[PDB]
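What the coordinates show
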Amino acid sequence: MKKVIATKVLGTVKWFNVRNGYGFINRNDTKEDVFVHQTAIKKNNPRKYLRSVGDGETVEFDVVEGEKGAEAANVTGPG
């Protein structure tokens, strides 16, 4: 397609680096690189609690035209 892929997209978040505040998503259809930053995440995320999901959590995001490929906007979380 021309520019961005979509809004409201599901996929698997991996390797979130908290210290800088960046991670990446494995965008499902043809395994595409979606970079995601802390400022795109909605609401507030506190700094507590253990058990939510684990590794490979599912999150909603827009897959939106980045630099080389894609980034992520309107990003949610499991709860």
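Residues numbered from 1 in each chain as written, not as in the entry; some residues may be left out. Heavy atoms only, no water.

- Structure determination for this PDB entry was carried out by solution NMR, as recorded in the header.

Brief notes about the nonpolar core
- With 11 residues, the main nonpolar core is built from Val9, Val13, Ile25, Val34, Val36, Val59, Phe61, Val63, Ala70, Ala72 and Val75.
- For this core, the secondary-structure elements that each account for two or more residues are β1 (6–17), β3 (32–37), β4 (58–65) and β5 (70–73).
- With three residues, β4 is the single largest residue contributor to this core.
- Sequence-distant contacts of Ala72, defined by excluding residues within four places in its chain, comprise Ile25, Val34, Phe35, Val36, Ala40, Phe61, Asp62 and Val64. (Core = buried A, V, L, I, M, F, W, Y, C linked by side-chain atoms within 4.5 Å. Buried < 20%, exposed > 50% of the residue type's maximum accessible area, 1.4 Å probe, protein only. Helix = DSSP H or I, 4+ residues; strand = E, 2+ residues; numbered from the N terminus. Contact = heavy atoms within 4.5 Å.)

Overview of the environment of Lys42
- Along the chain, the position of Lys42 falls in the loop between β3 and β4.
- For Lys42 and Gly66, which are 24 residues apart along the polypeptide, the C-alpha to C-alpha distance reads 19 Å.
- Those residues within four positions of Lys42 in sequence are excluded, and the remaining contacts are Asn74 and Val75.

Structural notes on the sheet that holds β1
- Sheet architecture is closed into a barrel: five strands sit in the order β1-β2-β3-β5-β4, paired in mixed fashion. Across the sheet, the mean angle separating the axes of adjacent strands is 50° when strand polarity is ignored.
- Judged from the two bridges that link them, β3 and β5 form a sheet pairing that is parallel. Across the sheet, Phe35 pairs through a bridge with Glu71, a residue of β5. (Pairing = 2+ DSSP bridges. Axes fitted to C-alpha atoms, helices over the stretch in contact; angles between N-to-C directions.)

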